[PDB]
There are 2 protein chains.
Amino acid sequence: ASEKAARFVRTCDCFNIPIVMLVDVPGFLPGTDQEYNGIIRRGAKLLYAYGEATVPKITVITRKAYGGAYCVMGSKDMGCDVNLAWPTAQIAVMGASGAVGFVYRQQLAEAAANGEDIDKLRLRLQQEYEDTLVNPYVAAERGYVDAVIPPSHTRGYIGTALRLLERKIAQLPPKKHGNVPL
Amino acid sequence: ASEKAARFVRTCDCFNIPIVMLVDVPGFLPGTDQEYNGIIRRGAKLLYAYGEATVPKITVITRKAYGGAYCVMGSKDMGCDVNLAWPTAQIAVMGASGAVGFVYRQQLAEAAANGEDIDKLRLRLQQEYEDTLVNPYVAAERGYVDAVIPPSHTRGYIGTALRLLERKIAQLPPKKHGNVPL
């Protein structure tokens with residue numbers, strides 16, 4: 001997936017074609033093969049290609065955007081110009097399921113002593129962490145998201161955004177060429 | 001191997017490190033996996049890297065150099081500055097072994113019908129072709145090799161070459177960046 005998008009992004013940038021990405025990743029496909037085959041190395045090609053791009057860049061998160069997945073899929077701080085998120089956006093370090101495990105390490109400690117029953121407080125906290133953090137507003141407040149608009153507005157937004165970014169002047173530092181991971 | 005070299009070559013070029021190539025490849029490793037995994041696509045990277053480089057390039061063929069492998073290996077027409085070859089070099093389209101099958105096609109066709117002895121004919125032809133075409137002089141005469149020198153002379157030759165190409169001038173086509181296969 002990464003090499004597919006990485007080369008496509010680089011091609012678009014070569015011929016001044018704006019890049020519009022619709023982001024909905026939970027993360028990276030788990031597996032030893034991915035690692036053995038070089039997911040780190042080969043996956044980094046997407047980051048490089050996108051960070052290097054100078055054409056207009058508009059990213060729309062319709063749903064999931066966790067961990068490094070969020071970083072590679074048109075992250076504001078990766079150079080994305082305009083970033084939009086739908087009400088169903090879930091921008092977070094990781095899923096609430098595995099998030100409570102770390103965040104609520106202590107409260108889960110006594111869970112094996114006093115009121116035991118992991119599944120009621122390891123399931124309640126999950127839904128509590130999910131209903132208070134897993135959303136687009138935490139990122140919207142950090143500016144990582146320009147605005148949280150209703151799905152229907154996407155079409156008109158990209159239209160106007162592409163006009164504003166039309167004469168976008170941008171370039172990379174002086175150098176014969178970069179050293180993208182082959 | 002291709003990817004391993006490709007990236008390395010690009011790195012040298014990034015930081016102005018002359019690229020010295022010791023050639024001796026009989027070709028590419030056969031196998032369905034090599035294909036399925038994308039040898040064509042990934043193999044190109046070594047080609048891309050070298051063709052892109054602008055740093056002094058010196059190539060020395062110590063023995064074998066067949067077909068495409070010959071090309072991708074700092075070949076003269078690939079942009080290499082100085083190409084050297086050892087008396088034991090075997091520069092050709094392919095090994096004399098499978099060459100006779102194409103070249104002396106008809107002659108071998110009448111080795112099964114009329115005068116039949118193939119395998120004692122296919123070994124005489126394989127030797128004649130080998131002793132007349134598979135050598136460093138065909139290429140040297142074409143200019144693809146700057147000179148055919150003794151192995152001992154190698155070290156000193158690379159030394160003067162590096163000096164000559166010291167302040168080499170190489171200008172790559174104006175472009176935000178290339179589109180090397182990923």
# chains A, B, ... in the order shown; residues from 1 in each chain; ligands from 1
$ select_by_dssp --residues "segment 61-172 of chain A" --states "strand (DSSP E)" --output "PyMOL selection string"
chain A and resi 61-66+82-85+90-92+147-148
$ interface_residues --of "chain B" --to "chain A" --cutoff "8 Å" --atoms "only C-alpha atoms" --output "ChimeraX atom specification"
/B:3,6-7,10-11,14,45,172,175-179,181-182
$ write_last_selection --atoms "N, CA, C and O atoms" --output "tab-separated table (two decimals), in the first residue's frame"
chain	number	residue	atom	x	y	z
B	3	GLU	N	18.57	-3.17	-4.65
B	3	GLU	CA	18.14	-2.12	-3.77
B	3	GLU	C	19.28	-1.69	-2.87
B	3	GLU	O	19.47	-0.50	-2.64
B	6	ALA	N	21.54	0.46	-5.11
B	6	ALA	CA	20.84	1.65	-5.55
B	6	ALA	C	20.91	2.77	-4.51
B	6	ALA	O	21.41	3.86	-4.80
B	7	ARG	N	20.41	2.50	-3.31
B	7	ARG	CA	20.42	3.49	-2.23
B	7	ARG	C	21.84	3.97	-1.93
B	7	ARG	O	22.07	5.17	-1.76
B	10	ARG	N	23.03	6.38	-4.56
B	10	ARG	CA	22.42	7.68	-4.39
B	10	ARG	C	23.07	8.44	-3.25
B	10	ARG	O	23.31	9.65	-3.35
B	11	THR	N	23.37	7.73	-2.16
B	11	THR	CA	24.01	8.33	-1.00
B	11	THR	C	25.38	8.90	-1.40
B	11	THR	O	25.67	10.06	-1.12
B	14	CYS	N	24.91	12.06	-3.28
B	14	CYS	CA	24.43	13.15	-2.42
B	14	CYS	C	25.59	13.90	-1.79
B	14	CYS	O	25.61	15.13	-1.77
B	45	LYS	N	15.84	0.40	-9.81
B	45	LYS	CA	16.43	1.33	-8.85
B	45	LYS	C	17.94	1.47	-9.00
B	45	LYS	O	18.47	2.59	-8.94
B	172	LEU	N	22.38	18.01	-13.96
B	172	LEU	CA	21.18	17.20	-14.16
B	172	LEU	C	20.01	18.09	-14.60
B	172	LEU	O	19.89	19.24	-14.15
B	175	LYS	N	14.42	20.03	-12.58
B	175	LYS	CA	13.19	19.39	-12.15
B	175	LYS	C	13.15	19.30	-10.64
B	175	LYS	O	14.18	19.04	-10.01
B	176	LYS	N	11.97	19.50	-10.07
B	176	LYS	CA	11.80	19.43	-8.63
B	176	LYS	C	12.41	18.15	-8.09
B	176	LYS	O	13.01	18.13	-7.02
B	177	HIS	N	12.25	17.07	-8.85
B	177	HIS	CA	12.79	15.78	-8.48
B	177	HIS	C	12.37	14.75	-9.51
B	177	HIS	O	11.43	14.97	-10.27
B	178	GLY	N	13.12	13.65	-9.55
B	178	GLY	CA	12.83	12.58	-10.49
B	178	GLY	C	11.68	11.73	-10.01
B	178	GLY	O	10.97	12.10	-9.07
B	179	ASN	N	11.49	10.58	-10.63
B	179	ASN	CA	10.40	9.70	-10.26
B	179	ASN	C	10.88	8.26	-10.24
B	179	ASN	O	10.32	7.38	-10.90
B	181	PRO	N	11.52	4.48	-9.40
B	181	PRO	CA	10.55	3.47	-8.97
B	181	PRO	C	10.74	3.17	-7.50
B	181	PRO	O	11.86	3.07	-7.00
B	182	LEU	N	9.62	3.04	-6.79
B	182	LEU	CA	9.66	2.74	-5.36
B	182	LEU	C	8.97	1.40	-5.09
B	182	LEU	O	8.08	1.02	-5.89
$ closest_residue --among "A:58, A:72, A:80, A:1" --to "residue 163 of chain A" --atoms "only C-alpha atoms"
A:58
$ residues_around --residues "residue 95 of chain B" --least-positions-apart "5" --cutoff "9 Å" --atoms "only C-alpha atoms" --output "PDB file with N, CA, C and O atoms, in the first residue's frame"
ATOM      1  N   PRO B  26      27.176 -12.316 -14.039  1.00  0.00           N
ATOM      2  CA  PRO B  26      26.712 -13.196 -15.115  1.00  0.00           C
ATOM      3  C   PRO B  26      25.276 -12.940 -15.531  1.00  0.00           C
ATOM      4  O   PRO B  26      24.811 -13.481 -16.530  1.00  0.00           O
ATOM      5  N   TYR B  66      27.352  -9.846 -18.588  1.00  0.00           N
ATOM      6  CA  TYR B  66      26.400 -10.270 -19.612  1.00  0.00           C
ATOM      7  C   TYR B  66      25.073  -9.509 -19.627  1.00  0.00           C
ATOM      8  O   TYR B  66      24.613  -9.027 -18.594  1.00  0.00           O
ATOM      9  N   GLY B  67      24.461  -9.427 -20.809  1.00  0.00           N
ATOM     10  CA  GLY B  67      23.177  -8.760 -20.971  1.00  0.00           C
ATOM     11  C   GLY B  67      22.924  -7.493 -20.169  1.00  0.00           C
ATOM     12  O   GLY B  67      23.829  -6.679 -19.968  1.00  0.00           O
ATOM     13  N   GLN B  90      34.624 -10.846 -19.871  1.00  0.00           N
ATOM     14  CA  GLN B  90      33.768 -11.551 -20.807  1.00  0.00           C
ATOM     15  C   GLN B  90      32.531 -10.691 -20.971  1.00  0.00           C
ATOM     16  O   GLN B  90      31.523 -10.896 -20.297  1.00  0.00           O
ATOM     17  N   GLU B 130      32.998 -18.376 -28.163  1.00  0.00           N
ATOM     18  CA  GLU B 130      33.643 -17.951 -26.926  1.00  0.00           C
ATOM     19  C   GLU B 130      35.018 -17.354 -27.182  1.00  0.00           C
ATOM     20  O   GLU B 130      35.367 -16.318 -26.629  1.00  0.00           O
ATOM     21  N   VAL B 134      33.283 -13.522 -26.996  1.00  0.00           N
ATOM     22  CA  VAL B 134      33.267 -13.324 -25.553  1.00  0.00           C
ATOM     23  C   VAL B 134      34.622 -12.892 -25.007  1.00  0.00           C
ATOM     24  O   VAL B 134      35.387 -13.710 -24.501  1.00  0.00           O
TER      25      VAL B 134
END
$ atom_distance --atom1 "atom CA of residue 170 of chain B" --atom2 "atom CA of residue 137 of chain B"
29.0 Å
$ atom_distance --atom1 "atom CA of residue 57 of chain A" --atom2 "atom CA of residue 161 of chain A"
9.2 Å
$ decode --residues "segment 160-171 of chain A" --atoms "N, CA, C and O atoms" --output "compact mmCIF listing (two decimals), in the first residue's frame"
# COMPACT_ATOMS: atom_id res chain seq x y z
N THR A 160 -12.92 25.30 -3.19
CA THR A 160 -12.40 26.60 -2.78
C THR A 160 -10.94 26.53 -2.35
O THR A 160 -10.16 27.44 -2.62
N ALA A 161 -10.58 25.46 -1.65
CA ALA A 161 -9.23 25.28 -1.16
C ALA A 161 -8.24 25.15 -2.32
O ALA A 161 -7.13 25.66 -2.26
N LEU A 162 -8.66 24.47 -3.39
CA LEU A 162 -7.81 24.30 -4.56
C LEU A 162 -7.59 25.62 -5.28
O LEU A 162 -6.57 25.79 -5.95
N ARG A 163 -8.53 26.56 -5.14
CA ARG A 163 -8.40 27.87 -5.78
C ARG A 163 -7.46 28.76 -4.96
O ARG A 163 -6.62 29.46 -5.52
N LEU A 164 -7.60 28.72 -3.64
CA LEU A 164 -6.76 29.50 -2.74
C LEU A 164 -5.29 29.10 -2.87
O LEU A 164 -4.40 29.96 -2.92
N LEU A 165 -5.05 27.79 -2.92
CA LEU A 165 -3.71 27.22 -3.04
C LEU A 165 -3.19 27.18 -4.47
O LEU A 165 -2.09 26.69 -4.71
N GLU A 166 -3.97 27.69 -5.40
CA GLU A 166 -3.62 27.70 -6.81
C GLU A 166 -2.18 28.10 -7.11
O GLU A 166 -1.40 27.30 -7.64
N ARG A 167 -1.82 29.34 -6.78
CA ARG A 167 -0.47 29.85 -7.01
C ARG A 167 0.44 29.61 -5.80
O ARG A 167 1.23 30.48 -5.42
N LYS A 168 0.31 28.44 -5.19
CA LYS A 168 1.11 28.09 -4.03
C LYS A 168 2.58 27.98 -4.38
O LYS A 168 3.00 27.07 -5.10
N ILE A 169 3.37 28.92 -3.86
CA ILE A 169 4.80 28.95 -4.11
C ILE A 169 5.50 28.16 -3.00
O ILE A 169 5.43 28.53 -1.83
N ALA A 170 6.17 27.08 -3.39
CA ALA A 170 6.90 26.25 -2.43
C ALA A 170 7.99 25.46 -3.14
O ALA A 170 7.85 25.09 -4.31
N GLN A 171 9.07 25.20 -2.41
CA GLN A 171 10.20 24.45 -2.93
C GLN A 171 11.04 23.81 -1.81
O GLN A 171 10.93 24.19 -0.64
